[PDB]
Amino acid sequence: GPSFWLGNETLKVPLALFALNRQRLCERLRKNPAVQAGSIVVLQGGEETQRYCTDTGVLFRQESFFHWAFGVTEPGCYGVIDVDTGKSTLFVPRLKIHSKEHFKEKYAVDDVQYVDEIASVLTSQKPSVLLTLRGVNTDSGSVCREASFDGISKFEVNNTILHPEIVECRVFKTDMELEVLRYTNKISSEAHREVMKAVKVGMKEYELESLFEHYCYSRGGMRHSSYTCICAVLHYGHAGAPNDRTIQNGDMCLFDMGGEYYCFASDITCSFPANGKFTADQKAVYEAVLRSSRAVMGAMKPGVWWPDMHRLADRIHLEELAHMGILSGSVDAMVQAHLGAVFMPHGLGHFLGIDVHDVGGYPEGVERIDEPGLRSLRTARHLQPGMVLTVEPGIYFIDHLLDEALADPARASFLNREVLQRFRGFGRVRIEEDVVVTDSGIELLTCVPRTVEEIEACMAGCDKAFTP
Amino acid sequence: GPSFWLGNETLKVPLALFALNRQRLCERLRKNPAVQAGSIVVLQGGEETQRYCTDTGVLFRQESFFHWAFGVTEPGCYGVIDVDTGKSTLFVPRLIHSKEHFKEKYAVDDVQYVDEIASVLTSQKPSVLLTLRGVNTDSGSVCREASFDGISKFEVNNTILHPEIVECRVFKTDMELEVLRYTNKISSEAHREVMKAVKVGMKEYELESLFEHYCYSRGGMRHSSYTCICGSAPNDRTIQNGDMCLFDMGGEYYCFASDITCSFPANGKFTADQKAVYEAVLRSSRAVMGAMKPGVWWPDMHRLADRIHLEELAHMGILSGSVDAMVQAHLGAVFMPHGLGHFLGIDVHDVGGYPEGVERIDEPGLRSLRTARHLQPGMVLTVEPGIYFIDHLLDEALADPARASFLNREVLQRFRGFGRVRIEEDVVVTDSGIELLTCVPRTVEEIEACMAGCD
Ligand code: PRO
Ligand code: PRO
Ligand SMILES: [Mn+2]
Ligand SMILES: [Mn+2]
Ligand SMILES: [Mn+2]
Ligand SMILES: [Mn+2]
Ligand SMILES: [O-]
Ligand SMILES: [O-]
């Protein structure tokens, strides 16, 4: 059948991918006892937006649930799925201008109609109930926009059934979806290598962000970054602003960037010395995060409770920080005092898919854990095959977190100021891989240099094939 | 005083630019007979947005009127200006920098937190708050009026400000022109790099990518001014041998735009037909720039470009008959359906093209003009004539006996799928003529030498 493709070396994505998602959603809804016969799923695609009151266009990016179901890149559409038969209808704006037939062929749907006819067409199809999308995103706190059209009031509308079901479908990636996520990770990994090869003392961080974006777009067809790429919030107020810090000798760099292809995300972080040679201290902190990274990846398999992996990373960080002489005392005591969250205040990792922070981390019955570090986890679910997660432990030296710990009698004793003082302004190490949960373990999607020797080799311009 | 700067070779933009804008706005309001003494201008800045219901951030870009007045890059702010004294107060979110930090950074008279805006304005006992509401004549959208908790307690006027701040934006200060010269410099350089890099077989988005990379990495231009048009949402058309490329792209620096279009043969060599069409647009481009000066009516420039295009198309054999008669039948709009050019500034399609008293001309071509004003010094415009071979426009003309007679179908057939040529320059009106901001290869000889890798 047809496939989405941007030519050259970019990935051909069969539109069958979305047909399989529609099939899976219908199969789930058919097994749902509360779904009436003759129900129709109604999704509304995104519309083009402009900057405020101007006619300056904002680059259009399809709404994620609508993309997941249909793969449609055009703004202003609606999409309908008959639950009982699986029949799909795309509604496109009545505006070279393409025919309805052109869109039917392009997207391999069963029917195409114009948007202004949606009320007439649905009336004629006599559905029992329209199933629309409404629910809460547990990362943004926002409520998903329910589809609406002139005349929808004449129909029976249920806005509670669909959201948890289509979320759960998105949580489990198909083999076709994995092929795209492998590709996004391949291009983003190559871009990360290019950045490590290009970085020079004296460069502005945004020069590297630009290079990353150029690699992803020109060689990967990735028009969008998946998320705001982190290399300043400080100097200009938003993560999106150019990071205009000058890279200095002795710096540890952290680049957190990932491109998006056809609305499938990647999210990768590399940490490395600006000048291409790890100091003893840098090697020590870095290899601590490498150790937790690898321990978690080695422990992940179906049935594993994700918060247990976060705690495992914490324990390893604390062990290694103690082996460095930054911390002293009982590691068990440190864990009881939640000392790990001083060095890693964020969650270990999160679902990834069409969204960087993908849906379904906190379905009904799954509770957020009200402890330092863990409260920042974007899911507290148990791992199952088909999930895609980031694994992103880090160690940070953040003054106000350290000072707070030093002011806390329950924590302050564990800290050796004489050694710690040398790590003030050390910076940050984070190692972020993307992985798939398999039937028995994981598959690593990311492919960047990770050991000290591999990183130093990459920055010295060694061919990627070279291995130390 | 302080300046915006992204280091390396990027431009230092004095925050004094925005101070001057505020003063200019107050000077204008003070002359407005409806403006009450003790009025305060209230502007609301943009806020951070996310993609739909996700936590995926959308790259923040400041609202244009608010940027013009304050140069503030942070989301979630307000800014007010005492009309009588010119005193400026910035309101920032309480979140980490001090208010003192923001005062120093933006060279405003006072900084407060946003949650105190009602209390602060109340203490200053204004007659009325002047808020922003009006219609953008390019989008049809209504400007969003500032609002805050407790604003209901104030007398608010939302009619006075818009036309007055729009009018200020129409006329660029020397400091603004410095930034627009810079954005044109970098975008010009990026266009040259694109011309050097184009190879048959490439995808258009590869050149869009290169352009953005040059502007960002070398210019500190994070944003494209507008969605990039890459003729021959990624443009994934393969550049083919024999194609005429059209690349319309411009970077933005600190919310100051640029808008440049280059047309050139994909394979680096103009055919006779391509040279003929291209040099027709070069001729109208140069004729319009030459004729521009204070007092010139912009629609006359549009019709000048039409006349020249028709003359050249007749010379080529595409058309026959009286060019006078052709103009009377609006034949120019078949080949150039859009307006000749538009105001440019903080927005690519900048404000103020149709203030009250200036009417849109209801004729083909001219109705798409984004201004029908007379030119005055300080105005910044694009000059972007083009010739297009658009089947449905051509078909409509061939069906209409008043136009069909002028067209030589046997010659036109050859130009079906020719594509299109547009040449877009950015210029400023001076006391005597114009200053050209754009600096790219333009003659056939310059373009071919550039693409051949010469120099
Ligand atoms: O938001 C999150 O979950 C991770 C934490 C570090 C940056 N991204
Ligand atoms: O919108 C305008 O007015 C010009 C002409 C077409 C491309 N930009
Ligand atoms: Mn990340
Ligand atoms: Mn992440
Ligand atoms: Mn343009
Ligand atoms: Mn333009
Ligand atoms: O991340
Ligand atoms: O343009």
# chains A, B, ... in the order shown; residues from 1 in each chain; ligands from 1
>>> closest_atom_pairs(of="chain B", to="chain A", cutoff="6 Å", atoms="only C-alpha atoms", output="Markdown table")
| residue | atom | partner | partner_atom | distance |
| --- | --- | --- | --- | --- |
| B:6 | CA | A:244 | CA | 5.9 |
| B:53 | CA | A:142 | CA | 5.1 |
| B:54 | CA | A:140 | CA | 5.7 |
| B:55 | CA | A:140 | CA | 4.6 |
| B:56 | CA | A:227 | CA | 6.0 |
| B:59 | CA | A:240 | CA | 5.1 |
| B:73 | CA | A:236 | CA | 5.6 |
| B:74 | CA | A:237 | CA | 4.5 |
| B:139 | CA | A:55 | CA | 4.6 |
| B:141 | CA | A:53 | CA | 5.1 |
| B:143 | CA | A:53 | CA | 5.2 |
| B:206 | CA | A:218 | CA | 4.6 |
| B:209 | CA | A:214 | CA | 5.6 |
| B:213 | CA | A:210 | CA | 5.6 |
| B:217 | CA | A:207 | CA | 4.6 |
| B:226 | CA | A:56 | CA | 5.9 |
| B:236 | CA | A:6 | CA | 5.7 |
>>> residues_near_ligand(ligand="ligand 1", cutoff="6 Å", atoms="only C-alpha atoms and all ligand atoms", output="list in words")
residues 346, 347 and 349 of chain A
>>> atom_distance(atom1="CA of residue 279 in chain B", atom2="CA of residue 245 in chain B")
14.8 Å
>>> residues_near_ligand(ligand="ligand 5", cutoff="8 Å", atoms="only C-alpha atoms and all ligand atoms", output="PyMOL selection string")
chain B and resi 229+248-250+259-261+384+424
>>> write_last_selection(atoms="N, CA and C atoms", output="PDB file, in the first residue's frame")
ATOM      1  N   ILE B 229       9.106  28.877   2.022  1.00  0.00           N
ATOM      2  CA  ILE B 229       8.585  28.428   0.725  1.00  0.00           C
ATOM      3  C   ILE B 229       9.744  28.056  -0.212  1.00  0.00           C
ATOM      4  N   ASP B 248      11.955  31.157  -1.112  1.00  0.00           N
ATOM      5  CA  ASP B 248      11.421  32.302  -0.407  1.00  0.00           C
ATOM      6  C   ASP B 248      11.584  32.022   1.074  1.00  0.00           C
ATOM      7  N   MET B 249      12.553  32.694   1.684  1.00  0.00           N
ATOM      8  CA  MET B 249      12.914  32.432   3.082  1.00  0.00           C
ATOM      9  C   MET B 249      13.538  33.665   3.717  1.00  0.00           C
ATOM     10  N   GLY B 250      13.307  33.854   5.011  1.00  0.00           N
ATOM     11  CA  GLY B 250      13.921  34.960   5.714  1.00  0.00           C
ATOM     12  C   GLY B 250      14.030  34.675   7.191  1.00  0.00           C
ATOM     13  N   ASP B 259      12.506  39.008   4.592  1.00  0.00           N
ATOM     14  CA  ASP B 259      11.688  38.265   3.647  1.00  0.00           C
ATOM     15  C   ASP B 259      12.326  38.436   2.280  1.00  0.00           C
ATOM     16  N   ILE B 260      12.996  37.394   1.814  1.00  0.00           N
ATOM     17  CA  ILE B 260      13.758  37.421   0.584  1.00  0.00           C
ATOM     18  C   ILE B 260      13.395  36.231  -0.295  1.00  0.00           C
ATOM     19  N   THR B 261      13.299  36.467  -1.600  1.00  0.00           N
ATOM     20  CA  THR B 261      13.052  35.388  -2.549  1.00  0.00           C
ATOM     21  C   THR B 261      14.080  35.448  -3.643  1.00  0.00           C
ATOM     22  N   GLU B 384       8.390  42.571  -4.587  1.00  0.00           N
ATOM     23  CA  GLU B 384       8.426  41.180  -5.010  1.00  0.00           C
ATOM     24  C   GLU B 384       7.516  40.860  -6.188  1.00  0.00           C
ATOM     25  N   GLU B 424      12.343  38.896  -4.750  1.00  0.00           N
ATOM     26  CA  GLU B 424      11.930  39.718  -3.614  1.00  0.00           C
ATOM     27  C   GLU B 424      13.098  40.346  -2.895  1.00  0.00           C
TER      28      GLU B 424
END
>>> residues_around(residues="range 387-403 of chain A", least_positions_apart="6", cutoff="7 Å", atoms="only C-alpha atoms", output="PyMOL selection string")
chain A and resi 171-173+289+292-293+313+342-344+348-353+423-437
>>> write_last_selection(atoms="C-alpha atoms", output="PDB file, in the first residue's frame")
ATOM      1  CA  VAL A 171       1.052   2.629  25.418  1.00  0.00           C
ATOM      2  CA  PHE A 172       1.791  -0.594  23.543  1.00  0.00           C
ATOM      3  CA  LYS A 173       3.747  -0.044  20.346  1.00  0.00           C
ATOM      4  CA  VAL A 289      25.634   7.448  35.844  1.00  0.00           C
ATOM      5  CA  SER A 292      23.115   3.147  37.042  1.00  0.00           C
ATOM      6  CA  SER A 293      22.078   3.392  33.362  1.00  0.00           C
ATOM      7  CA  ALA A 313      19.386   4.155  40.247  1.00  0.00           C
ATOM      8  CA  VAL A 342      19.395  15.581  46.093  1.00  0.00           C
ATOM      9  CA  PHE A 343      21.460  14.435  43.106  1.00  0.00           C
ATOM     10  CA  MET A 344      18.647  13.238  40.817  1.00  0.00           C
ATOM     11  CA  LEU A 348      14.235   7.975  36.065  1.00  0.00           C
ATOM     12  CA  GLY A 349      12.326   7.907  32.820  1.00  0.00           C
ATOM     13  CA  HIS A 350       9.043   8.079  31.018  1.00  0.00           C
ATOM     14  CA  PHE A 351       6.943   6.571  28.276  1.00  0.00           C
ATOM     15  CA  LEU A 352       7.834   7.790  24.810  1.00  0.00           C
ATOM     16  CA  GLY A 353       5.884   7.550  21.551  1.00  0.00           C
ATOM     17  CA  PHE A 423      32.079  19.602  42.914  1.00  0.00           C
ATOM     18  CA  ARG A 424      30.216  22.873  43.278  1.00  0.00           C
ATOM     19  CA  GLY A 425      29.890  24.085  39.691  1.00  0.00           C
ATOM     20  CA  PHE A 426      30.826  20.600  38.438  1.00  0.00           C
ATOM     21  CA  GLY A 427      27.710  20.750  36.339  1.00  0.00           C
ATOM     22  CA  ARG A 428      25.441  17.906  35.325  1.00  0.00           C
ATOM     23  CA  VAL A 429      25.663  14.412  33.900  1.00  0.00           C
ATOM     24  CA  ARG A 430      22.657  12.728  32.390  1.00  0.00           C
ATOM     25  CA  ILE A 431      22.723   9.632  30.184  1.00  0.00           C
ATOM     26  CA  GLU A 432      19.375   9.114  28.377  1.00  0.00           C
ATOM     27  CA  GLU A 433      18.635   6.030  26.277  1.00  0.00           C
ATOM     28  CA  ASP A 434      15.377   5.063  24.578  1.00  0.00           C
ATOM     29  CA  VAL A 435      14.345   1.416  24.991  1.00  0.00           C
ATOM     30  CA  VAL A 436      11.563  -1.015  24.138  1.00  0.00           C
ATOM     31  CA  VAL A 437      10.333  -3.527  26.704  1.00  0.00           C
TER      32      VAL A 437
END
>>> residues_near_ligand(ligand="ligand 3", cutoff="6 Å", atoms="only C-alpha atoms and all ligand atoms", output="VMD selection string")
chain A and resid 256 267 to 269
>>> residues_around(residues="range 318-322 of chain B", least_positions_apart="3", cutoff="9 Å", atoms="only C-alpha atoms", output="JSON list (two decimals) with N, CA and C atoms, in the first residue's frame")
[["chain", "number", "residue", "atom", "x", "y", "z"],
["B", 310, "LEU", "N", 3.76, 42.53, -18.98],
["B", 310, "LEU", "CA", 3.00, 42.34, -20.20],
["B", 310, "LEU", "C", 3.85, 42.68, -21.43],
["B", 311, "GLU", "N", 4.63, 43.75, -21.34],
["B", 311, "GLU", "CA", 5.52, 44.16, -22.42],
["B", 311, "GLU", "C", 6.49, 43.04, -22.79],
["B", 312, "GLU", "N", 7.06, 42.42, -21.76],
["B", 312, "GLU", "CA", 8.06, 41.37, -21.94],
["B", 312, "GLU", "C", 7.45, 40.07, -22.43],
["B", 313, "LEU", "N", 6.30, 39.71, -21.87],
["B", 313, "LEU", "CA", 5.56, 38.55, -22.35],
["B", 313, "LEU", "C", 5.14, 38.73, -23.82],
["B", 314, "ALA", "N", 4.78, 39.95, -24.21],
["B", 314, "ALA", "CA", 4.46, 40.23, -25.62],
["B", 314, "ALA", "C", 5.72, 40.05, -26.48],
["B", 315, "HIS", "N", 6.84, 40.59, -26.01],
["B", 315, "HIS", "CA", 8.13, 40.45, -26.70],
["B", 315, "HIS", "C", 8.49, 38.99, -26.94],
["B", 325, "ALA", "N", -4.31, 47.93, -23.98],
["B", 325, "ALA", "CA", -5.56, 47.18, -23.94],
["B", 325, "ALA", "C", -5.45, 46.05, -22.93],
["B", 326, "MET", "N", -4.29, 45.41, -22.89],
["B", 326, "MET", "CA", -4.06, 44.32, -21.93],
["B", 326, "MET", "C", -4.22, 44.77, -20.48],
["B", 327, "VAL", "N", -3.65, 45.93, -20.15],
["B", 327, "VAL", "CA", -3.76, 46.48, -18.81],
["B", 327, "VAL", "C", -5.22, 46.80, -18.48],
["B", 405, "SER", "N", -7.97, 36.95, -26.53],
["B", 405, "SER", "CA", -7.46, 37.49, -27.80],
["B", 405, "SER", "C", -5.99, 37.83, -27.65],
["B", 406, "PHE", "N", -5.57, 38.24, -26.46],
["B", 406, "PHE", "CA", -4.18, 38.68, -26.25],
["B", 406, "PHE", "C", -3.20, 37.53, -26.15],
["B", 407, "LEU", "N", -3.71, 36.31, -25.98],
["B", 407, "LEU", "CA", -2.88, 35.16, -25.65],
["B", 407, "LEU", "C", -2.60, 34.27, -26.86],
["B", 408, "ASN", "N", -1.34, 33.91, -27.05],
["B", 408, "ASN", "CA", -0.93, 33.04, -28.15],
["B", 408, "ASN", "C", -0.76, 31.62, -27.65],
["B", 409, "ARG", "N", -1.82, 30.83, -27.80],
["B", 409, "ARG", "CA", -1.91, 29.51, -27.17],
["B", 409, "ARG", "C", -0.76, 28.59, -27.54],
["B", 410, "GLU", "N", -0.27, 28.73, -28.77],
["B", 410, "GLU", "CA", 0.77, 27.84, -29.27],
["B", 410, "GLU", "C", 2.09, 28.14, -28.57],
["B", 411, "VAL", "N", 2.30, 29.41, -28.22],
["B", 411, "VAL", "CA", 3.50, 29.80, -27.49],
["B", 411, "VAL", "C", 3.31, 29.51, -26.00],
["B", 412, "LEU", "N", 2.15, 29.87, -25.46],
["B", 412, "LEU", "CA", 1.86, 29.64, -24.05],
["B", 412, "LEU", "C", 2.00, 28.16, -23.67],
["B", 415, "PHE", "N", 5.05, 27.06, -22.10],
["B", 415, "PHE", "CA", 5.32, 27.59, -20.77],
["B", 415, "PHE", "C", 4.43, 26.99, -19.72]]
>>> residues_near_ligand(ligand="ligand 6", cutoff="12 Å", atoms="only C-alpha atoms and all ligand atoms", output="count of residues only")
44
>>> atom_distance(atom1="CA of residue 107 in chain B", atom2="CA of residue 57 in chain B")
29.1 Å
>>> residues_around(residues="residue 463 in chain A", least_positions_apart="2", cutoff="12 Å", atoms="only C-alpha atoms", output="list in words")
residues 190, 193, 194, 197, 449, 454, 455, 457, 458, 459, 460, 461, 465, 466, 467 and 468 of chain A
>>> write_last_selection(atoms="N, CA, C and O atoms", output="compact mmCIF listing (two decimals), in the first residue's frame")
# COMPACT_ATOMS: atom_id res chain seq x y z
N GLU A 190 22.95 9.70 15.32
CA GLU A 190 23.93 10.19 14.38
C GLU A 190 24.13 11.69 14.59
O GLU A 190 25.26 12.18 14.53
N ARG A 193 26.25 12.22 17.58
CA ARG A 193 27.66 11.99 17.22
C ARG A 193 28.25 13.21 16.52
O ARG A 193 29.37 13.61 16.81
N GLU A 194 27.49 13.79 15.62
CA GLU A 194 27.97 14.96 14.87
C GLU A 194 28.27 16.08 15.84
O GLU A 194 29.26 16.73 15.68
N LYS A 197 31.48 15.46 17.69
CA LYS A 197 32.60 15.63 16.78
C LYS A 197 32.89 17.10 16.50
O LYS A 197 34.01 17.47 16.20
N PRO A 449 27.95 6.83 21.40
CA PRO A 449 29.06 6.43 22.26
C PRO A 449 28.72 6.67 23.73
O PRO A 449 28.14 7.71 24.04
N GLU A 454 34.85 5.46 24.36
CA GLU A 454 34.05 5.61 23.15
C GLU A 454 33.78 7.08 22.86
O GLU A 454 33.84 7.53 21.70
N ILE A 455 33.46 7.82 23.91
CA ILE A 455 33.19 9.25 23.79
C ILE A 455 34.47 9.97 23.36
O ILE A 455 34.46 10.76 22.42
N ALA A 457 37.01 8.78 21.79
CA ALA A 457 37.26 8.38 20.41
C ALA A 457 36.38 9.14 19.41
O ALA A 457 36.84 9.58 18.36
N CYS A 458 35.10 9.28 19.73
CA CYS A 458 34.16 9.96 18.83
C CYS A 458 34.59 11.42 18.67
O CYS A 458 34.62 11.96 17.56
N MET A 459 34.93 12.05 19.79
CA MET A 459 35.28 13.47 19.76
C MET A 459 36.62 13.69 19.06
O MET A 459 36.91 14.79 18.62
N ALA A 460 37.42 12.64 18.97
CA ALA A 460 38.69 12.70 18.25
C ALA A 460 38.50 12.31 16.78
O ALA A 460 39.48 12.15 16.05
N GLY A 461 37.26 12.16 16.36
CA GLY A 461 36.95 11.99 14.95
C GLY A 461 37.08 10.57 14.43
O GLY A 461 37.10 10.37 13.22
N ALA A 465 32.65 3.06 13.22
CA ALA A 465 32.89 1.62 13.23
C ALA A 465 33.95 1.25 14.26
O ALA A 465 33.93 0.14 14.80
N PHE A 466 34.87 2.17 14.53
CA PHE A 466 35.93 1.95 15.50
C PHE A 466 35.35 1.76 16.91
O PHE A 466 34.36 2.40 17.27
N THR A 467 35.94 0.82 17.64
CA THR A 467 35.42 0.40 18.95
C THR A 467 36.55 0.31 19.98
O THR A 467 37.66 0.03 19.56
N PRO A 468 36.57 0.84 21.21
CA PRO A 468 37.80 0.66 21.98
C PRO A 468 37.88 -0.50 22.99
O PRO A 468 38.88 -0.56 23.67
>>> select_by_dssp(residues="range 288-401 of chain B", states="alpha helix (DSSP H)", output="number ranges by chain")
B: 288-291, 298-316, 323-328, 332-335, 391-399, 401
>>> decode(residues="range 22-39 of chain B", atoms="N, CA, C and O atoms", output="tab-separated table (two decimals), in the first residue's frame")
chain	number	residue	atom	x	y	z
B	22	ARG	N	8.66	53.68	22.84
B	22	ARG	CA	7.69	54.08	23.85
B	22	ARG	C	7.48	55.60	23.83
B	22	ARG	O	6.35	56.09	23.92
B	23	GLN	N	8.58	56.33	23.72
B	23	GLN	CA	8.52	57.78	23.67
B	23	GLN	C	7.74	58.22	22.44
B	23	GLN	O	6.90	59.12	22.50
B	24	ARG	N	8.03	57.60	21.30
B	24	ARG	CA	7.34	57.94	20.07
B	24	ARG	C	5.83	57.70	20.17
B	24	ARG	O	5.04	58.51	19.69
B	25	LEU	N	5.45	56.59	20.79
B	25	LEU	CA	4.04	56.27	20.99
B	25	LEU	C	3.36	57.32	21.88
B	25	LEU	O	2.28	57.81	21.56
B	26	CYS	N	4.00	57.67	23.00
B	26	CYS	CA	3.46	58.70	23.88
B	26	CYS	C	3.34	60.04	23.17
B	26	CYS	O	2.33	60.73	23.31
B	27	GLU	N	4.37	60.43	22.44
B	27	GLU	CA	4.32	61.68	21.69
B	27	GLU	C	3.11	61.70	20.76
B	27	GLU	O	2.43	62.72	20.62
B	28	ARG	N	2.80	60.56	20.16
B	28	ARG	CA	1.67	60.49	19.25
B	28	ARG	C	0.34	60.56	20.02
B	28	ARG	O	-0.59	61.27	19.62
B	29	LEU	N	0.25	59.82	21.12
B	29	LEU	CA	-0.97	59.82	21.91
B	29	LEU	C	-1.27	61.19	22.50
B	29	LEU	O	-2.43	61.60	22.58
B	30	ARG	N	-0.23	61.90	22.91
B	30	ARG	CA	-0.41	63.21	23.52
B	30	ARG	C	-1.08	64.18	22.53
B	30	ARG	O	-1.74	65.12	22.95
B	31	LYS	N	-0.92	63.94	21.23
B	31	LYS	CA	-1.47	64.81	20.20
B	31	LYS	C	-2.89	64.40	19.82
B	31	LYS	O	-3.55	65.09	19.04
B	32	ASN	N	-3.35	63.27	20.35
B	32	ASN	CA	-4.67	62.76	20.02
B	32	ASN	C	-5.74	63.42	20.90
B	32	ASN	O	-5.75	63.24	22.12
B	33	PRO	N	-6.66	64.17	20.28
B	33	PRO	CA	-7.59	64.97	21.09
B	33	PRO	C	-8.47	64.14	22.03
B	33	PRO	O	-9.02	64.69	22.97
B	34	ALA	N	-8.62	62.84	21.77
B	34	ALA	CA	-9.50	62.00	22.58
B	34	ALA	C	-8.79	61.43	23.81
B	34	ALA	O	-9.42	60.89	24.71
B	35	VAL	N	-7.46	61.54	23.84
B	35	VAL	CA	-6.67	60.96	24.92
B	35	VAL	C	-6.77	61.86	26.15
B	35	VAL	O	-6.43	63.05	26.10
B	36	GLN	N	-7.25	61.28	27.24
B	36	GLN	CA	-7.39	61.97	28.50
B	36	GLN	C	-6.05	62.04	29.20
B	36	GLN	O	-5.21	61.13	29.10
B	37	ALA	N	-5.84	63.13	29.92
B	37	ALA	CA	-4.68	63.25	30.78
B	37	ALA	C	-4.73	62.12	31.81
B	37	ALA	O	-5.81	61.69	32.22
B	38	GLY	N	-3.56	61.64	32.20
B	38	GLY	CA	-3.46	60.54	33.15
B	38	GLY	C	-3.77	59.16	32.57
B	38	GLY	O	-4.01	58.23	33.33
B	39	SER	N	-3.80	59.02	31.25
B	39	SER	CA	-4.02	57.71	30.64
B	39	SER	C	-2.77	56.83	30.79
B	39	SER	O	-1.64	57.33	30.83
